[PDB]
Amino acid sequence: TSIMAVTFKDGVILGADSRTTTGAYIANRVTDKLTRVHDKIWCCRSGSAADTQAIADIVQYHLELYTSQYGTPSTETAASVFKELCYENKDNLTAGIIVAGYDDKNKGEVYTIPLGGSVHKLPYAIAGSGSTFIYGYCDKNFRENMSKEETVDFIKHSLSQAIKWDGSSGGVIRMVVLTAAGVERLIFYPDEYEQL
Amino acid sequence: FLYX
Amino acid sequence: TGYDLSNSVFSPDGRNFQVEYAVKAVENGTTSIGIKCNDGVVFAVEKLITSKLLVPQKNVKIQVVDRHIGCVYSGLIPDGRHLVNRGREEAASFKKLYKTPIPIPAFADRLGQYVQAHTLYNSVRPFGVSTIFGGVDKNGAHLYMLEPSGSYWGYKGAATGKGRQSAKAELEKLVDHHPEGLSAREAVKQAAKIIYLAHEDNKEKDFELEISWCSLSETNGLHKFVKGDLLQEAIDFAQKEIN
Amino acid sequence: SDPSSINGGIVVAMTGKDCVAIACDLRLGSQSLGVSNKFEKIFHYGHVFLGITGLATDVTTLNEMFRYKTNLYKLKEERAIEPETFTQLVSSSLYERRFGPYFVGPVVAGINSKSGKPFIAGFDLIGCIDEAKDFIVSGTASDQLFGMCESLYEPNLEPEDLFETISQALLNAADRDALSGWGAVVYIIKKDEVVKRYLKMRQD
Amino acid sequence: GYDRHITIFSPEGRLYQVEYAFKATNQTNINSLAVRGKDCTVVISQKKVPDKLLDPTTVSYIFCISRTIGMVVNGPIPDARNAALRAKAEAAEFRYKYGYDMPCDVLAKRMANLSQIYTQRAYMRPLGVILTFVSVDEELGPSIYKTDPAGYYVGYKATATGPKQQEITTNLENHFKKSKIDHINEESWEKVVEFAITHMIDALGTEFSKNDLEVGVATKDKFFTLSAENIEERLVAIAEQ
Amino acid sequence: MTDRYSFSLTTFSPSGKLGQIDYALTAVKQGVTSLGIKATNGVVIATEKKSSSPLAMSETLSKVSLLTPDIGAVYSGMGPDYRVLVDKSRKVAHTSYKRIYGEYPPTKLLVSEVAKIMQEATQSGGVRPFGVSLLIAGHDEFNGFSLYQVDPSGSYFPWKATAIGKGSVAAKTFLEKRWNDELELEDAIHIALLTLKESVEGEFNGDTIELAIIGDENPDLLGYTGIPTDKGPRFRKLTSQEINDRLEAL
Amino acid sequence: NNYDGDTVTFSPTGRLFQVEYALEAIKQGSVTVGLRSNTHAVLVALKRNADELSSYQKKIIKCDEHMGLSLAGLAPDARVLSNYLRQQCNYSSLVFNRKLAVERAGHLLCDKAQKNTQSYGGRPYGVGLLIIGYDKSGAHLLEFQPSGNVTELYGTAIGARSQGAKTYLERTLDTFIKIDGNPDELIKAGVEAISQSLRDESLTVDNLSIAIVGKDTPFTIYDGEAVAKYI
Amino acid sequence: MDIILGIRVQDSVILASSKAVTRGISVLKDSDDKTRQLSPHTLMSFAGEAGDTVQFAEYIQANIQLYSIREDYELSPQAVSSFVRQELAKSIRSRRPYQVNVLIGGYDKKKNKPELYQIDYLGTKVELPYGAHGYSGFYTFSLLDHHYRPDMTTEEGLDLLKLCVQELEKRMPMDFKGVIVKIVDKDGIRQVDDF
Amino acid sequence: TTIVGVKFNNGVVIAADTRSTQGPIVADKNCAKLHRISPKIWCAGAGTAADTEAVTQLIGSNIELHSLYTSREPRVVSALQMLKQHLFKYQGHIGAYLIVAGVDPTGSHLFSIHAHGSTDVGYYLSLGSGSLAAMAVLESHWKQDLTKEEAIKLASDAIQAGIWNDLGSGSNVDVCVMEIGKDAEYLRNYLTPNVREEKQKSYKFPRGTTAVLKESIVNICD
Amino acid sequence: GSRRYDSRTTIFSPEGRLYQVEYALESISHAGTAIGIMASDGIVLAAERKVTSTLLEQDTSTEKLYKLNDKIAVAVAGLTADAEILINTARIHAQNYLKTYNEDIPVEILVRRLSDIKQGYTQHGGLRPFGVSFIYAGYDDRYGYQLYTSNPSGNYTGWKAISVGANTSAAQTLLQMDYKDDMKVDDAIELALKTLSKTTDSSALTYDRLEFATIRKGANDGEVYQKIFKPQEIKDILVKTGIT
Ligand SMILES: [Cl-]
Ligand SMILES: [Mg+2]
Ligand SMILES: [Mg+2]
């Protein structure tokens, strides 16, 4: 699994592969590892698919019920609910989640929640098995207040390398753009990203 | 038991 | 009849007489007020000095919830404390799960649903307090007043206790004379005056004034008590107006 | 310490022309030690027949449990339970103990009183239903019984012919298993008469 | 006569506590009205703010239960908010469990079943409220479903609730006798809101300012309430016709 | 807090009457007339749809409910009490039967389970009885067609034909004259409409009348094909159109 | 009248008669006086006997090394509330290595008494308490009433003819408040205060009960020949 | 615990039970009676885990004695065995099962027949002409297969039992310090003092 | 086991093999692994046979009650959500691997559920021991905008790949076609390409071959 | 609180009677008469259906006579719904005993346990008692044929012939007049019907208003058969005795 969230000028962008593997066999080659917990709060799921799906479902319910009573929740509030589930059930969960949302006050925010259930607010995050190979690349190449096209290229080139070296990562590169404009889904096919 |  | 002997029983009118009886206990209590201002709220209360033996400044009636909400009440003082204890649990569990401190409207309903719950069963007594509370959140200042029935609304000014009609009349004048808004430091001085004017309906025993305030500029959005120079300044303002 | 192969034993059921046959060995042992040569593994609740192999304490417990349940069924329904319905009851009852199961291999056999159709069914230990036209096998010599039944069996056998086929299937299977044999019983079931025969087999 | 104190049968087979809960409905002295367009469902309610110290933005008997479902209450605000919070919790749980948004009529039935329990169980009193649920259901289209303390609920072509409910009801009845259809044959929700206000003015015989009314509108995939300026824009349209 | 009512609200009076059951029956008497007629090859259950308001959509309110594919129920008395009984009746058919035997319960046994629920409201702590009488029509392979009445007490009786509620006395006298043991299902529907016209005062058409049958299997209503044994539900609710057709030849 | 059956019922004028009847049990109880300076806090309690053969009901209970109360009314209820205070004082010590503030002690009693006045089945506490203590903010005196109302005072008295001692302390307020670094003189003022609540009976050796806490004085009770000094 | 035998003959049931109670490398007792009378015409011998054996035996004894008082009636040996089996059948799926194996020798007064039931700790009940528990069976069953006849007298049954004890004393590794023998018949339960 | 699901333009089709096995032995030569959750929601099961039947029967029941309560035809996402919440609760101890497919007011749907409570979405899916043999065929021949008759052919071809090449799969091909605006048609034994050849010999024994000790009439009546 | 509305169902009158038991018996006295007559070679259970309607389905009906197991039956007088709760409990208690001891439950043990349940409702729980009287007709290998009755008090007694429900005073006088110990089943059948025929509040006793059952050893050799009479069988037995 290869997932990452990058915060840029107009908001945040979520990026992931589409490969789910049982052992060395690919169960699904078109997985959607980017999931909606609220209209402009999305997360990236890594680890046990069963565990990350179950968690994501609970939070969406929590933020829906939050919205009914207190209106739109902050990205921090969403990350806090994710953390609460991940931390309190750390013994029974294998889930590395990157929470990314767009407020109008706070703009683009990225919170990473590793296995422990700790919360880390970052300018960009990378997680999953494939991430290891692109720590060097992402650190050298990331800049703050990038444009949409720069951030899309940064994520595309990063996940392209992650996919190239990681057996557990492959297929298409899905991306989700969170800005004041709204929500935009992007897809990139092997024939494009492989020969970057 | 049985499997399928 | 006998419709008034049990809580949660509808009279043929469609009324819960036990809640109306709890209101009489509130009407009997000392005067407490709330004044919404530009960037916060101001709370004030009448403390009847029963005896010389009462230690001044050491029978505090205004209570803080979390770090940003202030609560004051008239009627059965213990019932008020029970409601604030609940409010503090509600505010703690909200912060625990959602990280952010509880918004005032969110907090208001947490008390509202709890007080309303004590009108649903004959095994519990309604609350013998009207609670004036509020503070500063992400959306700005909010003042609320909550009644034994579980009924609460947002207020520009709120008053409850024996001198409520006197205080309300004085509050209505401020709302009319200051449409653009009242400043935090002004509201503290007005709060003092209104308690002194509302003391005319409770004038056998002389009293002790107690004021608190949340203000985005003055207290940095946190609840603080008005003490020392600022308190004496407000008392002197009120003393000048009655004469 | 494999619960299904401590006591040992086998059950086999077959369908014929307007008839069913269910047969079982009589051995109850404690591993190598043969203890009882009278332990019957076939019971009946009205016209519905149940054979149970596996751990003998569970064979006894389930018989008592299904007698209990079919008795209350009859009092409330004011009629005898049918094989298809009883099969479902067995499945429900076994799966109720999914994470602490009865170590058994039950086999339902009987003729539906309304439709007159021959019916047989087998279950796994967790209660999965195995419905069959031809035959059901269960026990420590299930491999042997599968080999015997699959070669010997043919459809629409008359009650008297079906008796010979099921008997030779059980006997020759039981003689190739250490924990099975020590005597055998065969039930021949017609619409409104049932014949029960004890077979002569080698006692080793 | 303790058969009038708790929810048990009187000799003549009546539940007096249910009947008295109905009388509590009109304690606010507010009249609500709901009508269906082609694409929308509009609910309007009177807004009376007698105290000058009240913050008029916080005075509301219309609730946003889910994204799609809206609810107006005729009855005291404590019971109204009790019902609102439960309905929100029920609608959220439904979506989590069954993987699709709770329909208007299903929530109405669920809240009606809860109301029924209070009429049969002694320790719980009925809520002194009539709940009018409105949405644009993805299967049934524009929907109005109303609940009462008895635990009764039914779908409506249109409905009215409050002290002068009968006058509004007969006013709407006479219109649907004339129009010969089950709804307001209108494209935009803006004009369905104008119809709702116009027919309330005729029935009650009173004029409304922007602060005298409260409007909720259900469209496909969202329910929303109108601000004072949204209503004022609407009142100006009616006046200029 | 908590339910402190752990004692019976239904007790014996000196005369030996159970007040709350008698008063529940009084509530059923006030209720709108519903009836059931059993034919040789089916059962019919019918009732008037008393509209609370002409603005109300009486289609949304279903007085006649499917419990199983082969069992239906109608009532007289308090509609809310009926609605929760139908919910409980549907669930108990699964939990206490279908999840055990892999088939739907026979009419008499489901009736028995509904009766048990209504009996418990008569004796359990801090509850009043149900203010409804149910007419449950159903078919099963071994009993054939059957019709049952269930009273607030939890008592149930099997009927050839009967009526309950407002004009039950007059309706029962009418059915006695018309009922024979050779009635075909169409003849029973005809009598059901004649009997119901006497009690109904206002409009009498397919929109004010709710009528369902327990008849032949409906493969078209099953929703799938391929399993020969599964032949579809015997319960069918007559449409507003299907009623009006029979009201012309009345 | 019709509204005094239980604590869960309000009267038409908004009264809780069961709480008022519990308050009445205190008035019937024997007089006890509380008063403090800035350095010390003193309890003086008139103990009551059944007859000349009986012992004198012990009025004063120790809660911690720095806190304790006197009682007037139902003694078993005082035992329940004092035991609860001992636990709360003890919890503060073990968990936070912190002596419980006398003000928090009052808040905890208030909230415990309140819960009994709002729930069906229960009853109000039938006892009044005078809590004295020395914490990080000096000497303190509290008056607990079973309504839940807790009040911090310089001096007070509760029980039968307590108005006599309460009037005296109200007059003497300016004198006894400044008895700093002198235990014996603060006690004398407390013994003179309780004397104003006496009718026909006078203070004897096994009749008088005195307790004191202060800056360099743990909460210690004086009975028998130890109080003979002050008669 | 170790050796418990049972032989049903024409008119009686005979239970032999070893007297040795061994723990470690020490025979603590050589006169232990591994049996309880459940009712006047029903006897139960037991062998297995230390503590469990007696605790189980006495628990059953109490229940059968309670039934006898309540109904003023003696439960049939078949009825008692069925009750005991169900208790062990419950036990095996408990948190800590009774590791007790029993023989129930009884005389049914209604049928006028002796009955011997062999029940293991799993709750595996069988009616037998002769039964044994533990390693004893490996010697006695083949011996009884040969020498046993169904119409034998009580005296013939005791001689057949002596033949079993002699074979066990010859070929068994452990010293079980002889057996206590008891006879269940129409006249109730009595102990053979010289064996 | 070999179960596949294929989506076509106006519906979804699920197919499965008919072989049930204990260890290396074939317990059931012709067992139906296609289950009815609701009239228009069908499910194919692999893993523990008992678990798949039980979980399908339980949700099938709760969906019927939900359908009656809401007066609405059940949705595939409801069956999916109820399944995956139940399976997740038991942390994979219920060994049910399902392909859920059906039509509802929302449209046509195809999902896969794993024992641990994970779910997949796809136009073509394959579960069981023969999934790799089946998925090979699906990956080779699947395309967008399949017709009904093409989807049935592809689905049955994918099952056949399992039947021949996987030892766990064999016997026949069951198919269920769920098309929008039509009744779902359950094609049991759609293909029977593994018919047992005529035996060389009849093993019908001469009557009296078996030695008998006792006979008796059994009483089944009251 | 809730104390106000508590009937206190489980208290004593000043006289030392249980109000709710006395009022439950007054309730049963208006229920259709049920008669049990015990002969030397079987037991008869007869019961009069409560004022029948001509459109009541008579053949597929069970109001009065219920089967507990293959050897025991009961006749009911009072609330049918209340009786069915107790019958299902009795049916389970019988199967629990069989499962435990592999022997059919003795009649008295089943009767005592059902009576002990009724007793519980009079002493604790604050619930109304079961408005039901039973006539237990059963056989076991200890006491043979046995008649019992239980009532809401939870008190049970054994009988040779007994009535419960309406006109027990009149019914018990007529049974006490014509009963004798050496009576046969066929004679007991006639007595049962003749008693109901005279004590009935109806104009004339007919087949459609009667439930009838016999527990004979009339099966084949040393085994008991329960016979719940069909409508046509009651019509025949009513003509045979010459009542119609
Ligand atoms: Cl519900
Ligand atoms: Mg051998
Ligand atoms: Mg054994």
# chains A, B, ... in the order shown; residues from 1 in each chain; ligands from 1
>>> residues_around(residues="residue 232 (chain J)", least_positions_apart="3", cutoff="9 Å", atoms="only C-alpha atoms", output="list in words")
residues 59, 207, 229, 235, 236 and 237 of chain J
>>> write_last_selection(atoms="N, CA, C and O atoms", output="mmCIF file, in the first residue's frame")
data_model
loop_
_atom_site.group_PDB
_atom_site.id
_atom_site.type_symbol
_atom_site.label_atom_id
_atom_site.label_comp_id
_atom_site.auth_asym_id
_atom_site.auth_seq_id
_atom_site.Cartn_x
_atom_site.Cartn_y
_atom_site.Cartn_z
ATOM 1 N N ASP J 59 -64.094 -27.589 14.746
ATOM 2 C CA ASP J 59 -63.218 -28.782 14.567
ATOM 3 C C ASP J 59 -61.748 -28.424 14.833
ATOM 4 O O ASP J 59 -61.072 -29.225 15.512
ATOM 5 N N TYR J 207 -73.426 -30.706 20.641
ATOM 6 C CA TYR J 207 -72.051 -31.185 20.328
ATOM 7 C C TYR J 207 -71.101 -29.997 20.117
ATOM 8 O O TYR J 207 -69.921 -30.101 20.507
ATOM 9 N N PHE J 229 -61.604 -35.855 21.596
ATOM 10 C CA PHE J 229 -62.780 -36.221 20.763
ATOM 11 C C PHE J 229 -62.974 -35.185 19.652
ATOM 12 O O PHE J 229 -62.882 -33.973 19.930
ATOM 13 N N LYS J 235 -70.793 -35.683 18.877
ATOM 14 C CA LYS J 235 -72.184 -35.765 18.355
ATOM 15 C C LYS J 235 -72.715 -37.191 18.548
ATOM 16 O O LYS J 235 -73.880 -37.336 18.966
ATOM 17 N N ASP J 236 -71.882 -38.197 18.257
ATOM 18 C CA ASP J 236 -72.228 -39.641 18.354
ATOM 19 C C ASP J 236 -72.438 -40.022 19.824
ATOM 20 O O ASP J 236 -73.461 -40.670 20.117
ATOM 21 N N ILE J 237 -71.514 -39.626 20.707
ATOM 22 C CA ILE J 237 -71.525 -39.985 22.159
ATOM 23 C C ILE J 237 -72.713 -39.289 22.843
ATOM 24 O O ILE J 237 -73.191 -39.824 23.862
#
>>> residues_near_ligand(ligand="ligand 2", cutoff="7 Å", atoms="only C-alpha atoms and all ligand atoms", output="ChimeraX atom specification")
/D:178,203-204
>>> write_last_selection(atoms="C-alpha atoms", output="compact mmCIF listing (two decimals), in the first residue's frame")
# COMPACT_ATOMS: atom_id res chain seq x y z
CA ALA D 178 -9.96 -50.71 13.50
CA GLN D 203 -16.00 -59.58 15.68
CA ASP D 204 -12.39 -58.19 15.53
>>> residues_around(residues="residue 11 (chain G)", least_positions_apart="2", cutoff="9 Å", atoms="only C-alpha atoms", output="PDB file with N, CA, C and O atoms, in the first residue's frame")
ATOM      1  N   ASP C   4     -51.249  17.970  40.176  1.00  0.00           N
ATOM      2  CA  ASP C   4     -50.054  18.747  40.605  1.00  0.00           C
ATOM      3  C   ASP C   4     -49.203  17.945  41.601  1.00  0.00           C
ATOM      4  O   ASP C   4     -48.116  18.435  41.965  1.00  0.00           O
ATOM      5  N   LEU C   5     -49.672  16.768  42.029  1.00  0.00           N
ATOM      6  CA  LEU C   5     -49.039  15.966  43.112  1.00  0.00           C
ATOM      7  C   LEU C   5     -47.858  15.158  42.562  1.00  0.00           C
ATOM      8  O   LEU C   5     -46.999  14.759  43.373  1.00  0.00           O
ATOM      9  N   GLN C  18     -46.010  20.622  38.419  1.00  0.00           N
ATOM     10  CA  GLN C  18     -44.783  20.393  39.234  1.00  0.00           C
ATOM     11  C   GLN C  18     -43.629  21.271  38.730  1.00  0.00           C
ATOM     12  O   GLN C  18     -42.818  21.705  39.571  1.00  0.00           O
ATOM     13  N   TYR C  21     -44.470  24.860  39.723  1.00  0.00           N
ATOM     14  CA  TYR C  21     -44.202  24.942  41.184  1.00  0.00           C
ATOM     15  C   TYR C  21     -42.700  25.143  41.422  1.00  0.00           C
ATOM     16  O   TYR C  21     -42.339  25.875  42.360  1.00  0.00           O
ATOM     17  N   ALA C  22     -41.852  24.509  40.605  1.00  0.00           N
ATOM     18  CA  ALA C  22     -40.377  24.662  40.636  1.00  0.00           C
ATOM     19  C   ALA C  22     -40.000  26.106  40.277  1.00  0.00           C
ATOM     20  O   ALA C  22     -39.015  26.615  40.842  1.00  0.00           O
TER      21      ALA C  22
ATOM     22  N   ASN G   1     -48.576  19.551  53.459  1.00  0.00           N
ATOM     23  CA  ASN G   1     -49.982  19.069  53.631  1.00  0.00           C
ATOM     24  C   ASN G   1     -50.209  17.859  52.710  1.00  0.00           C
ATOM     25  O   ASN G   1     -50.189  16.720  53.222  1.00  0.00           O
ATOM     26  N   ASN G   2     -50.401  18.102  51.409  1.00  0.00           N
ATOM     27  CA  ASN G   2     -50.556  17.063  50.352  1.00  0.00           C
ATOM     28  C   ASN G   2     -49.224  16.877  49.613  1.00  0.00           C
ATOM     29  O   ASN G   2     -49.135  15.941  48.796  1.00  0.00           O
ATOM     30  N   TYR G   3     -48.231  17.726  49.903  1.00  0.00           N
ATOM     31  CA  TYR G   3     -46.981  17.893  49.115  1.00  0.00           C
ATOM     32  C   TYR G   3     -45.753  17.612  49.992  1.00  0.00           C
ATOM     33  O   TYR G   3     -44.660  18.123  49.667  1.00  0.00           O
ATOM     34  N   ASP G   4     -45.927  16.823  51.058  1.00  0.00           N
ATOM     35  CA  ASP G   4     -44.857  16.474  52.033  1.00  0.00           C
ATOM     36  C   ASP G   4     -44.700  14.948  52.114  1.00  0.00           C
ATOM     37  O   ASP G   4     -44.051  14.474  53.069  1.00  0.00           O
ATOM     38  N   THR G   9     -41.460  15.890  45.432  1.00  0.00           N
ATOM     39  CA  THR G   9     -42.661  16.748  45.239  1.00  0.00           C
ATOM     40  C   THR G   9     -42.375  18.173  45.730  1.00  0.00           C
ATOM     41  O   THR G   9     -41.904  18.331  46.876  1.00  0.00           O
ATOM     42  N   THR G  13     -46.232  26.710  46.409  1.00  0.00           N
ATOM     43  CA  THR G  13     -45.415  27.929  46.672  1.00  0.00           C
ATOM     44  C   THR G  13     -43.932  27.655  46.378  1.00  0.00           C
ATOM     45  O   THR G  13     -43.130  28.598  46.511  1.00  0.00           O
ATOM     46  N   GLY G  14     -43.584  26.420  45.997  1.00  0.00           N
ATOM     47  CA  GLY G  14     -42.231  26.027  45.552  1.00  0.00           C
ATOM     48  C   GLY G  14     -41.340  25.609  46.709  1.00  0.00           C
ATOM     49  O   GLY G  14     -40.133  25.924  46.669  1.00  0.00           O
ATOM     50  N   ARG G  15     -41.904  24.907  47.695  1.00  0.00           N
ATOM     51  CA  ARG G  15     -41.189  24.425  48.907  1.00  0.00           C
ATOM     52  C   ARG G  15     -40.996  22.906  48.811  1.00  0.00           C
ATOM     53  O   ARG G  15     -41.833  22.236  48.164  1.00  0.00           O
ATOM     54  N   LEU G  16     -39.923  22.395  49.422  1.00  0.00           N
ATOM     55  CA  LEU G  16     -39.667  20.943  49.619  1.00  0.00           C
ATOM     56  C   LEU G  16     -39.834  20.627  51.108  1.00  0.00           C
ATOM     57  O   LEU G  16     -38.876  20.848  51.874  1.00  0.00           O
ATOM     58  N   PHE G  17     -41.019  20.151  51.496  1.00  0.00           N
ATOM     59  CA  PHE G  17     -41.441  19.995  52.913  1.00  0.00           C
ATOM     60  C   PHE G  17     -40.573  18.932  53.600  1.00  0.00           C
ATOM     61  O   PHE G  17     -40.233  19.128  54.782  1.00  0.00           O
TER      62      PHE G  17
END
>>> closest_atom_pairs(of="chain H", to="ligand 3", cutoff="10 Å", atoms="only C-alpha atoms and all ligand atoms", output="tab-separated table")
residue	atom	partner	partner_atom_place_in_ligand_line	distance
H:101	CA	ligand 3	1 (Mg)	8.0
H:102	CA	ligand 3	1 (Mg)	8.7
H:103	CA	ligand 3	1 (Mg)	9.2
H:117	CA	ligand 3	1 (Mg)	9.0
H:118	CA	ligand 3	1 (Mg)	5.4
H:119	CA	ligand 3	1 (Mg)	5.0
H:120	CA	ligand 3	1 (Mg)	4.6
H:121	CA	ligand 3	1 (Mg)	8.2
H:122	CA	ligand 3	1 (Mg)	8.4
H:123	CA	ligand 3	1 (Mg)	8.0
H:124	CA	ligand 3	1 (Mg)	5.2
H:125	CA	ligand 3	1 (Mg)	6.1
H:126	CA	ligand 3	1 (Mg)	6.6
H:127	CA	ligand 3	1 (Mg)	9.7
H:131	CA	ligand 3	1 (Mg)	8.5
H:132	CA	ligand 3	1 (Mg)	8.5
H:133	CA	ligand 3	1 (Mg)	7.5
H:134	CA	ligand 3	1 (Mg)	9.7
>>> write_last_selection(atoms="N, CA, C and O atoms", output="compact mmCIF listing (two decimals), in the first residue's frame")
# COMPACT_ATOMS: atom_id res chain seq x y z
N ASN H 101 -14.57 -41.05 36.77
CA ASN H 101 -15.18 -42.18 36.06
C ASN H 101 -15.90 -43.05 37.10
O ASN H 101 -15.30 -43.29 38.17
N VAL H 102 -17.14 -43.48 36.82
CA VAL H 102 -18.02 -44.17 37.81
C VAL H 102 -18.58 -45.46 37.22
O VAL H 102 -18.73 -45.55 35.98
N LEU H 103 -18.86 -46.43 38.10
CA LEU H 103 -19.77 -47.58 37.85
C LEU H 103 -20.97 -47.44 38.79
O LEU H 103 -20.74 -47.27 40.00
N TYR H 117 -24.23 -49.96 35.16
CA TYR H 117 -23.99 -48.84 34.21
C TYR H 117 -22.55 -48.36 34.34
O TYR H 117 -22.10 -48.09 35.47
N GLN H 118 -21.84 -48.28 33.21
CA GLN H 118 -20.45 -47.77 33.12
C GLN H 118 -20.49 -46.37 32.48
O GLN H 118 -20.85 -46.28 31.29
N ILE H 119 -20.13 -45.34 33.25
CA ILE H 119 -20.13 -43.91 32.81
C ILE H 119 -18.73 -43.33 33.02
O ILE H 119 -18.26 -43.34 34.17
N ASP H 120 -18.10 -42.84 31.95
CA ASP H 120 -16.78 -42.16 32.00
C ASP H 120 -17.03 -40.66 32.26
O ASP H 120 -18.20 -40.25 32.29
N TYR H 121 -15.95 -39.90 32.43
CA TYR H 121 -15.95 -38.47 32.84
C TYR H 121 -16.50 -37.57 31.72
O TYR H 121 -16.83 -36.41 32.00
N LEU H 122 -16.58 -38.09 30.48
CA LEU H 122 -17.15 -37.37 29.31
C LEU H 122 -18.68 -37.40 29.37
O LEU H 122 -19.31 -36.56 28.72
N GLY H 123 -19.25 -38.35 30.13
CA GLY H 123 -20.70 -38.63 30.16
C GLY H 123 -21.08 -39.68 29.13
O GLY H 123 -22.14 -39.52 28.50
N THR H 124 -20.24 -40.70 28.95
CA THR H 124 -20.46 -41.85 28.03
C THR H 124 -21.04 -43.01 28.84
O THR H 124 -20.25 -43.74 29.47
N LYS H 125 -22.37 -43.18 28.82
CA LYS H 125 -23.09 -44.22 29.60
C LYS H 125 -23.29 -45.46 28.72
O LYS H 125 -23.62 -45.31 27.53
N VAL H 126 -23.10 -46.64 29.32
CA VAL H 126 -23.38 -47.98 28.71
C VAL H 126 -23.86 -48.92 29.82
O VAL H 126 -23.23 -48.93 30.89
N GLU H 127 -24.93 -49.68 29.56
CA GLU H 127 -25.36 -50.82 30.41
C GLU H 127 -24.57 -52.06 29.97
O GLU H 127 -24.58 -52.36 28.76
N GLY H 131 -18.22 -54.49 33.67
CA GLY H 131 -17.53 -53.23 33.34
C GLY H 131 -16.27 -53.06 34.16
O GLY H 131 -16.14 -53.72 35.21
N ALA H 132 -15.37 -52.20 33.69
CA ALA H 132 -14.13 -51.79 34.38
C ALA H 132 -13.72 -50.41 33.88
O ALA H 132 -14.17 -50.01 32.79
N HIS H 133 -12.88 -49.72 34.65
CA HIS H 133 -12.37 -48.36 34.35
C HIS H 133 -10.85 -48.34 34.52
O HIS H 133 -10.34 -49.08 35.38
N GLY H 134 -10.18 -47.51 33.72
CA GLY H 134 -8.71 -47.43 33.68
C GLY H 134 -8.11 -48.65 33.00
O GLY H 134 -8.80 -49.26 32.16
>>> select_by_dssp(residues="chain A", states="helix (DSSP H, G or I)", output="number ranges by chain")
A: 49-70, 75-88, 129-141, 148-165, 190-193
>>> select_by_dssp(residues="region 12-177 of chain A", states="strand (DSSP E or B)", output="NGL selection string")
:A and (12-16 or 20-22 or 25-28 or 34-38 or 41-47 or 95-102 or 108-113 or 120-122 or 124-127 or 173-177)
>>> residues_around(residues="residue 78 (chain C)", least_positions_apart="3", cutoff="12 Å", atoms="only C-alpha atoms", output="ChimeraX atom specification")
/C:61,73-75,81-85,127-129 /G:106-118,144-151
>>> closest_atom_pairs(of="chain I", to="chain B", cutoff="7 Å", atoms="only C-alpha atoms", output="CSV")
residue,atom,partner,partner_atom,distance
I:1,CA,B:4,CA,4.4
I:19,CA,B:4,CA,7.0
I:20,CA,B:4,CA,5.3
I:21,CA,B:3,CA,5.7
I:22,CA,B:2,CA,4.9
I:46,CA,B:4,CA,5.0
I:47,CA,B:3,CA,5.4
I:48,CA,B:3,CA,4.9
I:49,CA,B:3,CA,5.2
